[PDB]
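Engineer: Structure file work-v2.pdb, PDB, C-alpha atoms and all ligand atoms, is pasted below:
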ATOM      1  CA  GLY Y   3     -38.398 -52.296 -94.469  1.00  0.00           C
ATOM      2  CA  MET Y   4     -40.864 -52.378 -97.344  1.00  0.00           C
ATOM      3  CA  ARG Y   5     -42.065 -48.721 -97.465  1.00  0.00           C
ATOM      4  CA  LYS Y   6     -43.228 -46.630-100.379  1.00  0.00           C
ATOM      5  CA  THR Y   7     -44.888 -43.141-100.555  1.00  0.00           C
ATOM      6  CA  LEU Y   8     -47.649 -42.767-103.093  1.00  0.00           C
ATOM      7  CA  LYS Y   9     -48.882 -39.479-104.580  1.00  0.00           C
ATOM      8  CA  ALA Y  10     -52.470 -40.559-104.054  1.00  0.00           C
ATOM      9  CA  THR Y  11     -55.390 -39.755-101.735  1.00  0.00           C
ATOM     10  CA  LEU Y  12     -56.049 -42.123 -98.854  1.00  0.00           C
ATOM     11  CA  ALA Y  13     -58.915 -43.882-100.678  1.00  0.00           C
ATOM     12  CA  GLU Y  14     -56.877 -44.169-103.810  1.00  0.00           C
ATOM     13  CA  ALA Y  15     -53.863 -45.610-101.916  1.00  0.00           C
ATOM     14  CA  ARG Y  16     -56.117 -48.031-100.088  1.00  0.00           C
ATOM     15  CA  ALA Y  17     -57.730 -49.344-103.305  1.00  0.00           C
ATOM     16  CA  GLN Y  18     -54.418 -49.668-105.053  1.00  0.00           C
ATOM     17  CA  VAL Y  19     -52.963 -51.556-101.991  1.00  0.00           C
ATOM     18  CA  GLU Y  20     -55.959 -53.942-101.792  1.00  0.00           C
ATOM     19  CA  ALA Y  21     -55.590 -54.509-105.546  1.00  0.00           C
ATOM     20  CA  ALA Y  22     -51.829 -55.099-105.615  1.00  0.00           C
ATOM     21  CA  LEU Y  23     -52.140 -57.513-102.595  1.00  0.00           C
ATOM     22  CA  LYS Y  24     -55.011 -59.424-104.219  1.00  0.00           C
ATOM     23  CA  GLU Y  25     -52.848 -59.976-107.333  1.00  0.00           C
ATOM     24  CA  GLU Y  26     -50.371 -61.780-105.034  1.00  0.00           C
ATOM     25  CA  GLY Y  27     -52.813 -63.954-103.139  1.00  0.00           C
ATOM     26  CA  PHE Y  28     -53.265 -61.690-100.078  1.00  0.00           C
ATOM     27  CA  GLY Y  29     -56.767 -60.693 -99.000  1.00  0.00           C
ATOM     28  CA  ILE Y  30     -57.607 -58.083 -96.302  1.00  0.00           C
ATOM     29  CA  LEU Y  31     -59.070 -59.691 -93.208  1.00  0.00           C
ATOM     30  CA  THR Y  32     -59.161 -56.806 -90.657  1.00  0.00           C
ATOM     31  CA  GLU Y  33     -58.993 -53.038 -90.674  1.00  0.00           C
ATOM     32  CA  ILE Y  34     -58.430 -50.543 -87.918  1.00  0.00           C
ATOM     33  CA  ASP Y  35     -58.812 -46.843 -88.516  1.00  0.00           C
ATOM     34  CA  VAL Y  36     -56.269 -45.615 -85.960  1.00  0.00           C
ATOM     35  CA  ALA Y  37     -57.227 -41.839 -86.197  1.00  0.00           C
ATOM     36  CA  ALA Y  38     -60.974 -42.624 -85.800  1.00  0.00           C
ATOM     37  CA  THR Y  39     -60.507 -44.955 -82.880  1.00  0.00           C
ATOM     38  CA  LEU Y  40     -58.138 -42.552 -81.039  1.00  0.00           C
ATOM     39  CA  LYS Y  41     -60.786 -39.875 -81.524  1.00  0.00           C
ATOM     40  CA  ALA Y  42     -63.700 -42.055 -80.266  1.00  0.00           C
ATOM     41  CA  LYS Y  43     -61.812 -43.379 -77.232  1.00  0.00           C
ATOM     42  CA  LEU Y  44     -59.443 -40.582 -76.234  1.00  0.00           C
ATOM     43  CA  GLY Y  45     -60.819 -37.430 -77.951  1.00  0.00           C
ATOM     44  CA  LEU Y  46     -57.574 -37.105 -79.925  1.00  0.00           C
ATOM     45  CA  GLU Y  47     -57.242 -35.540 -83.372  1.00  0.00           C
ATOM     46  CA  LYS Y  48     -54.647 -37.295 -85.462  1.00  0.00           C
ATOM     47  CA  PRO Y  49     -53.925 -37.453 -89.203  1.00  0.00           C
ATOM     48  CA  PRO Y  50     -55.103 -40.387 -91.378  1.00  0.00           C
ATOM     49  CA  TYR Y  51     -53.571 -43.772 -90.349  1.00  0.00           C
ATOM     50  CA  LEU Y  52     -55.029 -47.195 -91.190  1.00  0.00           C
ATOM     51  CA  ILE Y  53     -53.858 -50.703 -90.269  1.00  0.00           C
ATOM     52  CA  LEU Y  54     -54.976 -53.460 -92.572  1.00  0.00           C
ATOM     53  CA  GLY Y  55     -54.391 -57.163 -91.556  1.00  0.00           C
ATOM     54  CA  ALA Y  56     -53.698 -59.062 -94.796  1.00  0.00           C
ATOM     55  CA  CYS Y  57     -53.388 -62.804 -95.243  1.00  0.00           C
ATOM     56  CA  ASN Y  58     -52.682 -65.513 -97.853  1.00  0.00           C
ATOM     57  CA  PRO Y  59     -54.801 -68.453 -96.559  1.00  0.00           C
ATOM     58  CA  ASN Y  60     -52.478 -71.158 -97.970  1.00  0.00           C
ATOM     59  CA  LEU Y  61     -49.267 -69.755 -96.392  1.00  0.00           C
ATOM     60  CA  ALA Y  62     -51.151 -68.987 -93.141  1.00  0.00           C
ATOM     61  CA  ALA Y  63     -52.581 -72.500 -92.946  1.00  0.00           C
ATOM     62  CA  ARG Y  64     -49.116 -73.907 -93.523  1.00  0.00           C
ATOM     63  CA  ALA Y  65     -47.546 -71.804 -90.831  1.00  0.00           C
ATOM     64  CA  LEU Y  66     -50.320 -72.597 -88.270  1.00  0.00           C
ATOM     65  CA  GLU Y  67     -50.077 -76.316 -89.046  1.00  0.00           C
ATOM     66  CA  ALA Y  68     -46.273 -76.304 -88.243  1.00  0.00           C
ATOM     67  CA  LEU Y  69     -46.634 -73.982 -85.186  1.00  0.00           C
ATOM     68  CA  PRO Y  70     -50.152 -73.343 -83.791  1.00  0.00           C
ATOM     69  CA  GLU Y  71     -49.055 -70.407 -81.602  1.00  0.00           C
ATOM     70  CA  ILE Y  72     -48.007 -68.511 -84.774  1.00  0.00           C
ATOM     71  CA  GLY Y  73     -51.439 -66.988 -84.782  1.00  0.00           C
ATOM     72  CA  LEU Y  74     -50.019 -64.496 -82.337  1.00  0.00           C
ATOM     73  CA  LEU Y  75     -48.016 -63.012 -85.197  1.00  0.00           C
ATOM     74  CA  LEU Y  76     -50.778 -63.122 -87.898  1.00  0.00           C
ATOM     75  CA  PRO Y  77     -52.042 -61.484 -90.078  1.00  0.00           C
ATOM     76  CA  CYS Y  78     -49.414 -59.421 -92.005  1.00  0.00           C
ATOM     77  CA  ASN Y  79     -49.981 -55.697 -91.095  1.00  0.00           C
ATOM     78  CA  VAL Y  80     -50.062 -53.006 -93.816  1.00  0.00           C
ATOM     79  CA  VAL Y  81     -49.964 -49.432 -92.636  1.00  0.00           C
ATOM     80  CA  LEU Y  82     -51.264 -46.548 -94.737  1.00  0.00           C
ATOM     81  CA  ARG Y  83     -50.654 -43.166 -93.240  1.00  0.00           C
ATOM     82  CA  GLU Y  84     -50.726 -39.524 -94.301  1.00  0.00           C
ATOM     83  CA  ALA Y  85     -47.246 -38.218 -95.235  1.00  0.00           C
ATOM     84  CA  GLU Y  86     -45.968 -34.871 -96.568  1.00  0.00           C
ATOM     85  CA  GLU Y  87     -45.522 -36.246-100.065  1.00  0.00           C
ATOM     86  CA  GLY Y  88     -48.848 -38.121 -99.943  1.00  0.00           C
ATOM     87  CA  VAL Y  89     -49.643 -41.545 -98.434  1.00  0.00           C
ATOM     88  CA  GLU Y  90     -46.933 -43.843 -97.037  1.00  0.00           C
ATOM     89  CA  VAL Y  91     -47.513 -47.556 -97.303  1.00  0.00           C
ATOM     90  CA  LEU Y  92     -45.547 -49.853 -94.925  1.00  0.00           C
ATOM     91  CA  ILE Y  93     -45.780 -53.595 -95.029  1.00  0.00           C
ATOM     92  CA  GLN Y  94     -44.657 -55.914 -92.223  1.00  0.00           C
ATOM     93  CA  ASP Y  95     -41.868 -58.181 -93.313  1.00  0.00           C
ATOM     94  CA  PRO Y  96     -42.710 -61.791 -92.218  1.00  0.00           C
ATOM     95  CA  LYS Y  97     -39.041 -62.778 -91.939  1.00  0.00           C
ATOM     96  CA  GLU Y  98     -38.538 -59.865 -89.514  1.00  0.00           C
ATOM     97  CA  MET Y  99     -41.714 -60.739 -87.502  1.00  0.00           C
ATOM     98  CA  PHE Y 100     -40.692 -64.380 -86.989  1.00  0.00           C
ATOM     99  CA  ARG Y 101     -37.457 -63.156 -85.264  1.00  0.00           C
ATOM    100  CA  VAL Y 102     -39.418 -63.165 -82.045  1.00  0.00           C
ATOM    101  CA  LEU Y 103     -39.307 -67.000 -82.301  1.00  0.00           C
ATOM    102  CA  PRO Y 104     -36.412 -69.355 -81.384  1.00  0.00           C
ATOM    103  CA  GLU Y 105     -33.877 -69.630 -84.252  1.00  0.00           C
ATOM    104  CA  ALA Y 106     -34.805 -73.278 -84.904  1.00  0.00           C
ATOM    105  CA  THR Y 107     -38.445 -72.311 -85.352  1.00  0.00           C
ATOM    106  CA  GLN Y 108     -37.470 -69.471 -87.730  1.00  0.00           C
ATOM    107  CA  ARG Y 109     -35.589 -72.110 -89.780  1.00  0.00           C
ATOM    108  CA  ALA Y 110     -38.670 -74.289 -89.757  1.00  0.00           C
ATOM    109  CA  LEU Y 111     -40.840 -71.382 -90.979  1.00  0.00           C
ATOM    110  CA  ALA Y 112     -38.315 -69.887 -93.406  1.00  0.00           C
ATOM    111  CA  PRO Y 113     -39.818 -71.246 -96.660  1.00  0.00           C
ATOM    112  CA  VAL Y 114     -43.207 -69.808 -95.806  1.00  0.00           C
ATOM    113  CA  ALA Y 115     -41.793 -66.420 -94.656  1.00  0.00           C
ATOM    114  CA  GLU Y 116     -39.727 -66.155 -97.863  1.00  0.00           C
ATOM    115  CA  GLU Y 117     -42.665 -66.905-100.105  1.00  0.00           C
ATOM    116  CA  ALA Y 118     -44.831 -64.400 -98.147  1.00  0.00           C
ATOM    117  CA  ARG Y 119     -42.072 -61.727 -98.249  1.00  0.00           C
ATOM    118  CA  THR Y 120     -41.648 -62.196-102.017  1.00  0.00           C
ATOM    119  CA  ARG Y 121     -45.369 -61.839-102.727  1.00  0.00           C
ATOM    120  CA  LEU Y 122     -45.567 -58.769-100.417  1.00  0.00           C
ATOM    121  CA  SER Y 123     -42.518 -57.033-101.950  1.00  0.00           C
ATOM    122  CA  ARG Y 124     -43.993 -57.715-105.423  1.00  0.00           C
ATOM    123  CA  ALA Y 125     -47.282 -56.030-104.378  1.00  0.00           C
ATOM    124  CA  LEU Y 126     -45.374 -53.013-103.030  1.00  0.00           C
ATOM    125  CA  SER Y 127     -43.224 -52.708-106.124  1.00  0.00           C
ATOM    126  CA  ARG Y 128     -46.382 -52.378-108.262  1.00  0.00           C
ATOM    127  CA  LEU Y 129     -47.705 -49.420-106.352  1.00  0.00           C
TER
ATOM    128  CA  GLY N 203     -45.467 -66.693 -73.540  1.00  0.00           C
ATOM    129  CA  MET N 204     -48.724 -65.915 -71.553  1.00  0.00           C
ATOM    130  CA  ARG N 205     -51.037 -68.961 -71.952  1.00  0.00           C
ATOM    131  CA  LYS N 206     -53.721 -70.701 -69.952  1.00  0.00           C
ATOM    132  CA  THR N 207     -56.050 -73.497 -70.892  1.00  0.00           C
ATOM    133  CA  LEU N 208     -59.659 -73.102 -70.040  1.00  0.00           C
ATOM    134  CA  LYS N 209     -61.791 -76.124 -69.294  1.00  0.00           C
ATOM    135  CA  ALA N 210     -64.591 -74.539 -71.352  1.00  0.00           C
ATOM    136  CA  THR N 211     -66.252 -74.068 -74.767  1.00  0.00           C
ATOM    137  CA  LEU N 212     -64.964 -71.571 -77.367  1.00  0.00           C
ATOM    138  CA  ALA N 213     -67.852 -69.085 -76.928  1.00  0.00           C
ATOM    139  CA  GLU N 214     -67.634 -69.410 -73.119  1.00  0.00           C
ATOM    140  CA  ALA N 215     -63.936 -68.715 -73.522  1.00  0.00           C
ATOM    141  CA  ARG N 216     -64.562 -65.685 -75.884  1.00  0.00           C
ATOM    142  CA  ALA N 217     -67.266 -63.997 -73.749  1.00  0.00           C
ATOM    143  CA  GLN N 218     -64.990 -64.492 -70.773  1.00  0.00           C
ATOM    144  CA  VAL N 219     -61.681 -63.318 -72.257  1.00  0.00           C
ATOM    145  CA  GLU N 220     -63.385 -60.137 -73.591  1.00  0.00           C
ATOM    146  CA  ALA N 221     -64.771 -59.400 -70.096  1.00  0.00           C
ATOM    147  CA  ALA N 222     -61.403 -59.935 -68.396  1.00  0.00           C
ATOM    148  CA  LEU N 223     -59.630 -57.710 -71.002  1.00  0.00           C
ATOM    149  CA  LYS N 224     -62.259 -54.928 -70.605  1.00  0.00           C
ATOM    150  CA  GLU N 225     -61.669 -54.968 -66.849  1.00  0.00           C
ATOM    151  CA  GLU N 226     -58.056 -54.196 -67.610  1.00  0.00           C
ATOM    152  CA  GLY N 227     -58.670 -51.368 -70.191  1.00  0.00           C
ATOM    153  CA  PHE N 228     -58.236 -53.452 -73.394  1.00  0.00           C
ATOM    154  CA  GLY N 229     -61.049 -53.615 -75.876  1.00  0.00           C
ATOM    155  CA  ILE N 230     -61.346 -55.875 -78.916  1.00  0.00           C
ATOM    156  CA  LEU N 231     -60.775 -53.937 -82.189  1.00  0.00           C
ATOM    157  CA  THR N 232     -60.640 -56.875 -84.578  1.00  0.00           C
ATOM    158  CA  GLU N 233     -61.391 -60.553 -84.796  1.00  0.00           C
ATOM    159  CA  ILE N 234     -60.567 -63.243 -87.349  1.00  0.00           C
ATOM    160  CA  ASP N 235     -62.190 -66.656 -87.212  1.00  0.00           C
ATOM    161  CA  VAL N 236     -59.195 -68.632 -88.551  1.00  0.00           C
ATOM    162  CA  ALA N 237     -61.077 -71.932 -88.856  1.00  0.00           C
ATOM    163  CA  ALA N 238     -63.955 -70.351 -90.790  1.00  0.00           C
ATOM    164  CA  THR N 239     -61.758 -68.310 -93.100  1.00  0.00           C
ATOM    165  CA  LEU N 240     -59.497 -71.280 -93.991  1.00  0.00           C
ATOM    166  CA  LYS N 241     -62.575 -73.461 -94.629  1.00  0.00           C
ATOM    167  CA  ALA N 242     -64.044 -70.703 -96.820  1.00  0.00           C
ATOM    168  CA  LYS N 243     -60.899 -70.099 -98.806  1.00  0.00           C
ATOM    169  CA  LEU N 244     -59.311 -73.477 -98.960  1.00  0.00           C
ATOM    170  CA  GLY N 245     -62.172 -75.882 -98.364  1.00  0.00           C
ATOM    171  CA  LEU N 246     -60.459 -77.536 -95.439  1.00  0.00           C
ATOM    172  CA  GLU N 247     -62.048 -78.244 -92.044  1.00  0.00           C
ATOM    173  CA  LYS N 248     -59.744 -76.842 -89.360  1.00  0.00           C
ATOM    174  CA  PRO N 249     -60.068 -76.943 -85.517  1.00  0.00           C
ATOM    175  CA  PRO N 250     -61.629 -73.907 -83.747  1.00  0.00           C
ATOM    176  CA  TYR N 251     -59.176 -70.975 -83.822  1.00  0.00           C
ATOM    177  CA  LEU N 252     -59.788 -67.268 -83.157  1.00  0.00           C
ATOM    178  CA  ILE N 253     -57.482 -64.192 -83.336  1.00  0.00           C
ATOM    179  CA  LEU N 254     -58.713 -61.161 -81.384  1.00  0.00           C
ATOM    180  CA  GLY N 255     -56.905 -57.861 -81.725  1.00  0.00           C
ATOM    181  CA  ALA N 256     -56.945 -56.176 -78.288  1.00  0.00           C
ATOM    182  CA  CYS N 257     -55.848 -52.654 -77.648  1.00  0.00           C
ATOM    183  CA  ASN N 258     -55.583 -50.150 -74.801  1.00  0.00           C
ATOM    184  CA  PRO N 259     -55.993 -46.719 -76.585  1.00  0.00           C
ATOM    185  CA  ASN N 260     -53.752 -44.750 -74.152  1.00  0.00           C
ATOM    186  CA  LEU N 261     -50.900 -47.243 -74.406  1.00  0.00           C
ATOM    187  CA  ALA N 262     -51.266 -47.529 -78.221  1.00  0.00           C
ATOM    188  CA  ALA N 263     -51.317 -43.715 -78.566  1.00  0.00           C
ATOM    189  CA  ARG N 264     -48.039 -43.424 -76.559  1.00  0.00           C
ATOM    190  CA  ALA N 265     -46.468 -46.315 -78.472  1.00  0.00           C
ATOM    191  CA  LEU N 266     -47.262 -44.522 -81.769  1.00  0.00           C
ATOM    192  CA  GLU N 267     -45.573 -41.303 -80.513  1.00  0.00           C
ATOM    193  CA  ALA N 268     -42.370 -43.218 -79.642  1.00  0.00           C
ATOM    194  CA  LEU N 269     -42.425 -45.007 -83.030  1.00  0.00           C
ATOM    195  CA  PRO N 270     -44.930 -43.983 -85.786  1.00  0.00           C
ATOM    196  CA  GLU N 271     -44.299 -47.244 -87.656  1.00  0.00           C
ATOM    197  CA  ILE N 272     -45.262 -49.398 -84.605  1.00  0.00           C
ATOM    198  CA  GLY N 273     -48.711 -49.758 -86.222  1.00  0.00           C
ATOM    199  CA  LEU N 274     -47.037 -52.676 -88.076  1.00  0.00           C
ATOM    200  CA  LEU N 275     -47.008 -54.559 -84.700  1.00  0.00           C
ATOM    201  CA  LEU N 276     -50.404 -53.452 -83.255  1.00  0.00           C
ATOM    202  CA  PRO N 277     -52.772 -54.425 -81.848  1.00  0.00           C
ATOM    203  CA  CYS N 278     -51.937 -57.054 -79.246  1.00  0.00           C
ATOM    204  CA  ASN N 279     -53.054 -60.502 -80.498  1.00  0.00           C
ATOM    205  CA  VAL N 280     -55.132 -62.833 -78.274  1.00  0.00           C
ATOM    206  CA  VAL N 281     -55.567 -66.395 -79.629  1.00  0.00           C
ATOM    207  CA  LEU N 282     -58.302 -68.781 -78.468  1.00  0.00           C
ATOM    208  CA  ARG N 283     -57.813 -72.227 -79.884  1.00  0.00           C
ATOM    209  CA  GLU N 284     -59.177 -75.719 -79.429  1.00  0.00           C
ATOM    210  CA  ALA N 285     -56.422 -77.452 -77.633  1.00  0.00           C
ATOM    211  CA  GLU N 286     -55.888 -80.915 -76.127  1.00  0.00           C
ATOM    212  CA  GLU N 287     -57.195 -80.266 -72.576  1.00  0.00           C
ATOM    213  CA  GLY N 288     -59.769 -77.523 -73.441  1.00  0.00           C
ATOM    214  CA  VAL N 289     -59.558 -74.009 -75.006  1.00  0.00           C
ATOM    215  CA  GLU N 290     -56.115 -72.458 -74.777  1.00  0.00           C
ATOM    216  CA  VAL N 291     -55.890 -68.654 -74.496  1.00  0.00           C
ATOM    217  CA  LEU N 292     -52.566 -67.171 -75.648  1.00  0.00           C
ATOM    218  CA  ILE N 293     -51.671 -63.480 -75.240  1.00  0.00           C
ATOM    219  CA  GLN N 294     -48.864 -61.811 -77.211  1.00  0.00           C
ATOM    220  CA  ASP N 295     -46.350 -60.496 -74.688  1.00  0.00           C
ATOM    221  CA  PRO N 296     -45.642 -56.852 -75.519  1.00  0.00           C
ATOM    222  CA  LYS N 297     -42.035 -57.118 -74.252  1.00  0.00           C
ATOM    223  CA  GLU N 298     -41.189 -59.876 -76.720  1.00  0.00           C
ATOM    224  CA  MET N 299     -43.000 -58.214 -79.585  1.00  0.00           C
ATOM    225  CA  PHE N 300     -41.053 -54.982 -79.282  1.00  0.00           C
ATOM    226  CA  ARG N 301     -37.737 -56.937 -79.589  1.00  0.00           C
ATOM    227  CA  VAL N 302     -38.076 -56.838 -83.395  1.00  0.00           C
ATOM    228  CA  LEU N 303     -37.806 -53.025 -83.137  1.00  0.00           C
ATOM    229  CA  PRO N 304     -34.599 -50.977 -83.621  1.00  0.00           C
ATOM    230  CA  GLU N 305     -32.379 -51.015 -80.506  1.00  0.00           C
ATOM    231  CA  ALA N 306     -32.757 -47.182 -80.426  1.00  0.00           C
ATOM    232  CA  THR N 307     -36.590 -47.367 -79.678  1.00  0.00           C
ATOM    233  CA  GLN N 308     -36.457 -50.123 -77.016  1.00  0.00           C
ATOM    234  CA  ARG N 309     -35.789 -47.992 -73.913  1.00  0.00           C
ATOM    235  CA  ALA N 310     -38.461 -45.438 -74.822  1.00  0.00           C
ATOM    236  CA  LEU N 311     -40.964 -48.269 -75.385  1.00  0.00           C
ATOM    237  CA  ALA N 312     -40.108 -50.358 -72.294  1.00  0.00           C
ATOM    238  CA  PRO N 313     -42.538 -48.689 -69.842  1.00  0.00           C
ATOM    239  CA  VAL N 314     -45.446 -48.808 -72.213  1.00  0.00           C
ATOM    240  CA  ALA N 315     -44.664 -52.574 -72.821  1.00  0.00           C
ATOM    241  CA  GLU N 316     -44.314 -53.195 -69.026  1.00  0.00           C
ATOM    242  CA  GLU N 317     -47.664 -51.554 -68.311  1.00  0.00           C
ATOM    243  CA  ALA N 318     -49.395 -53.514 -71.152  1.00  0.00           C
ATOM    244  CA  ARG N 319     -47.910 -56.825 -70.038  1.00  0.00           C
ATOM    245  CA  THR N 320     -48.943 -56.222 -66.390  1.00  0.00           C
ATOM    246  CA  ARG N 321     -52.514 -55.532 -67.430  1.00  0.00           C
ATOM    247  CA  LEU N 322     -52.660 -58.532 -69.807  1.00  0.00           C
ATOM    248  CA  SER N 323     -51.170 -61.003 -67.228  1.00  0.00           C
ATOM    249  CA  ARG N 324     -53.718 -59.672 -64.735  1.00  0.00           C
ATOM    250  CA  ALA N 325     -56.546 -60.392 -67.156  1.00  0.00           C
ATOM    251  CA  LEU N 326     -55.060 -63.874 -67.887  1.00  0.00           C
ATOM    252  CA  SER N 327     -54.751 -64.641 -64.163  1.00  0.00           C
ATOM    253  CA  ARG N 328     -58.534 -64.055 -63.624  1.00  0.00           C
ATOM    254  CA  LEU N 329     -59.738 -66.543 -66.310  1.00  0.00           C
TER
HETATM  255  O1  LIG F   1     -53.137 -67.626-103.943  1.00  0.00           O
HETATM  256  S1  LIG F   1     -52.372 -68.859-103.961  1.00  0.00           S
HETATM  257  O2  LIG F   1     -51.267 -68.581-104.903  1.00  0.00           O
HETATM  258  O3  LIG F   1     -51.719 -69.029-102.611  1.00  0.00           O
END
Could you take the file, read its structure, and then write that structure out as structure tokens?

Structural biologist:
Amino acid sequence: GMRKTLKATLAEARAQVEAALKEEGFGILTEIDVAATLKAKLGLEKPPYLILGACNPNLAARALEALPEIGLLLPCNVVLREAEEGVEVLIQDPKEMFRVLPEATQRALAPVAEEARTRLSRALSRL
Amino acid sequence: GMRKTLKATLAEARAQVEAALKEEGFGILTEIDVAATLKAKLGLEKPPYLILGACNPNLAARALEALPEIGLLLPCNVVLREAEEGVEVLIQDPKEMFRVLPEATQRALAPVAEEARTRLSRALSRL
């Protein structure tokens, strides 16, 4: 949806992502190293793949105040994975993620999802 | 969907939900204290609210083979929140989550989602 490949090492891509997100009000709350946890649990050897859970507290608080169960679809995931041409960054589109909800609830959340999507697409565009 | 209210405290509910998930092959990879992070960032007191990222490594590994970009949807969120009549546990239903995905990936993903959902609803039933 929002996808970009960077010619950058993993650590470089990850620092540039954290920095572009922080410019737009999104902090990183969680991180899962998917290759390291598949190794530890299953003995599998997979290429680099991280999932970062990023969040703007103001937009999150607003969404959770309107619809408390919306925590099931937070935070916004950012994937960084090894690609041929370097590291691919993928960012969850909030508008797309709210489509699991009834249409009336998506209307009720639209201003927040739009604001989040605009800040996220801005971060991506600066990578 | 998938919710139960526990006549219990938040730490009784957390110790308990983690035990019931473990029984069903789901471990907790991440956790966000929503009330403490919104207080920290925004200065507002909010009611107890936790987001636990639960994962079964074998099911996640197969999901990632069907669709490499499914890391944007993982792991499976479990909410514990102060509710009206106790602490409400909500579990993201894998079947609903996958609906956001391209039509083309749905059939291949259906049996991993069915297996996840049966394990989760089992864990929820034992609380
Ligand atoms: O960071 S403030 O702009 O939500």

Engineer: Only residues of chain N matter here; which ones have an atom within 9 Å of chain Y, counting all atoms listed in the file? Give them as a PDB file with C-alpha atoms, in the coordinates of the input.

Structural biologist:
ATOM      1  CA  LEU N 231     -60.775 -53.937 -82.189  1.00  0.00           C
ATOM      2  CA  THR N 232     -60.640 -56.875 -84.578  1.00  0.00           C
ATOM      3  CA  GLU N 233     -61.391 -60.553 -84.796  1.00  0.00           C
ATOM      4  CA  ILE N 234     -60.567 -63.243 -87.349  1.00  0.00           C
ATOM      5  CA  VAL N 236     -59.195 -68.632 -88.551  1.00  0.00           C
ATOM      6  CA  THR N 239     -61.758 -68.310 -93.100  1.00  0.00           C
ATOM      7  CA  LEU N 240     -59.497 -71.280 -93.991  1.00  0.00           C
ATOM      8  CA  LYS N 243     -60.899 -70.099 -98.806  1.00  0.00           C
ATOM      9  CA  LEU N 244     -59.311 -73.477 -98.960  1.00  0.00           C
ATOM     10  CA  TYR N 251     -59.176 -70.975 -83.822  1.00  0.00           C
ATOM     11  CA  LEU N 252     -59.788 -67.268 -83.157  1.00  0.00           C
ATOM     12  CA  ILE N 253     -57.482 -64.192 -83.336  1.00  0.00           C
ATOM     13  CA  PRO N 259     -55.993 -46.719 -76.585  1.00  0.00           C
ATOM     14  CA  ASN N 260     -53.752 -44.750 -74.152  1.00  0.00           C
ATOM     15  CA  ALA N 262     -51.266 -47.529 -78.221  1.00  0.00           C
ATOM     16  CA  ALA N 263     -51.317 -43.715 -78.566  1.00  0.00           C
ATOM     17  CA  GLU N 271     -44.299 -47.244 -87.656  1.00  0.00           C
ATOM     18  CA  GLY N 273     -48.711 -49.758 -86.222  1.00  0.00           C
ATOM     19  CA  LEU N 274     -47.037 -52.676 -88.076  1.00  0.00           C
ATOM     20  CA  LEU N 275     -47.008 -54.559 -84.700  1.00  0.00           C
ATOM     21  CA  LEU N 276     -50.404 -53.452 -83.255  1.00  0.00           C
ATOM     22  CA  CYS N 278     -51.937 -57.054 -79.246  1.00  0.00           C
ATOM     23  CA  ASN N 279     -53.054 -60.502 -80.498  1.00  0.00           C
ATOM     24  CA  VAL N 280     -55.132 -62.833 -78.274  1.00  0.00           C
ATOM     25  CA  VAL N 281     -55.567 -66.395 -79.629  1.00  0.00           C
ATOM     26  CA  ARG N 283     -57.813 -72.227 -79.884  1.00  0.00           C
ATOM     27  CA  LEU N 292     -52.566 -67.171 -75.648  1.00  0.00           C
ATOM     28  CA  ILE N 293     -51.671 -63.480 -75.240  1.00  0.00           C
ATOM     29  CA  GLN N 294     -48.864 -61.811 -77.211  1.00  0.00           C
ATOM     30  CA  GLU N 298     -41.189 -59.876 -76.720  1.00  0.00           C
ATOM     31  CA  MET N 299     -43.000 -58.214 -79.585  1.00  0.00           C
ATOM     32  CA  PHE N 300     -41.053 -54.982 -79.282  1.00  0.00           C
ATOM     33  CA  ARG N 301     -37.737 -56.937 -79.589  1.00  0.00           C
ATOM     34  CA  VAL N 302     -38.076 -56.838 -83.395  1.00  0.00           C
TER      35      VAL N 302
END

Engineer: Run through the PyMOL selection byres (((chain N and resi 220-222) around 12) and not hetatm) on the given coordinates and return the selected residues as number ranges by chain.

Structural biologist: N: 213-219, 223-233, 254-257, 280-282, 291, 321-329

Engineer: So how many Å separate CA of residue 117 in chain Y and CA of residue 97 in chain Y, to one decimal?

Structural biologist: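 Going from CA of residue 117 in chain Y over to CA of residue 97 in chain Y covers 9.8 Å.
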
Engineer: I'd like the box whose edges run along x, y and z of the file and which contains every listed atom of ligand LIG 1 (chain F), padded by 3 Å per side; could you state its centre and edge lengths in Å, one decimal, as AutoDock Vina command-line options?

Structural biologist:
--center_x -52.2 --center_y -68.3 --center_z -103.8 --size_x 7.9 --size_y 7.4 --size_z 8.3

Engineer: Could you jot down the CA of residue 107 in chain Y to CA of residue 320 in chain N separation for me, Å, one decimal place?

Structural biologist: 27.0 Å

Engineer: For CA of residue 288 in chain N and CA of residue 209 in chain N, quote the distance in Å rounded to one decimal.

Structural biologist: 4.8 Å

Engineer: Find the residue from N:304, N:264, N:285, N:245 that sits nearest to residue 205 in chain N; use all atoms listed in the file when measuring.

Structural biologist: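 Among the listed residues, the smallest separation from residue 205 in chain N belongs to N:285.
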